[PDB]
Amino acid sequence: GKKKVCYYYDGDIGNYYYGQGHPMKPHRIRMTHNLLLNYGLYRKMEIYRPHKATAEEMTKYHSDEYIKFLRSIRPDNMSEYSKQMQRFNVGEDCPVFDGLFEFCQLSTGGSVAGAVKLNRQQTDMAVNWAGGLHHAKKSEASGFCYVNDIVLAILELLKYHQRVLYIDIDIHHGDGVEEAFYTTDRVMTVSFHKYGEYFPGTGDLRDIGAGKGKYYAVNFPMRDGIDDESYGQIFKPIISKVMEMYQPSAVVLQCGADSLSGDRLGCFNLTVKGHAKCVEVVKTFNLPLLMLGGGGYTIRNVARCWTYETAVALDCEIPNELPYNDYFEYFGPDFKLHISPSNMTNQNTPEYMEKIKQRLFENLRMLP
């Protein structure tokens, strides 16, 4: 039936700025919040302000030296850290910006707080649109991500759950999360992503885990132009087979919106309904669920996507006509919630989709 949903948001999150021209815009988190507030979705959720995660909470995964660096570096002192910046991959993709550490603390705080709430059985779903920063590594920033809030949230869930399933629908491969749990069977990682001449370059369908983790990493490599029909055709069957074989007791779903049509960095053709169908599929299994953000670089579409996915979590129907809001002008010229796919060619033929699905099904047969 209808579930209890807890939502994590800090009003300061939208003020963090990666710099002129940088595609990552935390302001999209504030647009999402304002849109969902104007639709009246606040009357149905418990809204919490996450704490600022401590360096100690972050070192449950990350190295002490890397977290000390993140807590110390600032634009005014960068000149003295040229050596550590290279070592930790701080540069154009992962720049030093004012309040970088506080931004990591809020992104992380929401994911860990959500995981604690799920562990205490005080909510059915926990949502943190500021999280989902899946590329961050143990001692290195990567792909606009500095602290891997997902890995930290999963480590929290592992305190009470024997098996945790991680599903990632961002257009980029969830490499940081896959790497963290690559040799364990206590987490199964499933990523659907563009593969081929695309960041981060990992996520081949032959990457299936190692040691005790063999068969516990799943990768579905895709080409440009995937649409709702094609994505829907493989997502439910793969997730149903994973649920059947793995029997997880908690799920984490990274809802990166860069897989939508018209994304500045992505080359997929999903609509908000197509993307949200993934949330409907996962929610149907009735397991404790942590829903996180991730990519999304056409910010009006990210706000639409995550507002609609919050409505899906709440089993609340909301009109296509957008309510007036603080960023109304960003949603022109139509001022509607749902989006149309483009005329781009879908390079993922129906035969390619079925063939990759069948290869993944062979690997899933290898689980105990």
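For every residue, the number given is its place in the sequence shown, counted from 1. The term rigid core refers to the maximal set of C-alpha atoms that superpose within 1.5 Å between the two forms.
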May I ask which stretch, 251 to 259 or 91 to 99, sits farther from the shown form in 9 other deposited structures of this protein once every structure is superposed on the core, judging by RMS CA distance?
91 to 99
Comparing mean C-alpha B factor in the record for 201 to 209 and 290 to 298, the higher one is 201 to 209
When mean C-alpha B-factors in the record are compared for 179 to 187 and 82 to 90, the larger belongs to 82 to 90
Out of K277, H134, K194, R71, which residue has the highest Cα temperature factor in the PDB record?
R71
Highest CA temperature factor in the entry: which of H27, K60, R304, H33?
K60
Going by the entry, which third of its chain does the Cα temperature factor of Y7 land in?
middle
What third of the chain does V96 rank in for C-alpha temperature factor, lowest, middle or highest?
highest
Please place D149 in the lowest, middle or highest third of its chain by C-alpha B factor as given in the entry.
lowest
Assigned third (lowest, middle, highest) for the C-alpha B factor of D258
lowest
Can you work out whether the C-alpha temperature factor of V272 puts it in the lowest, middle or highest third of the chain?
lowest
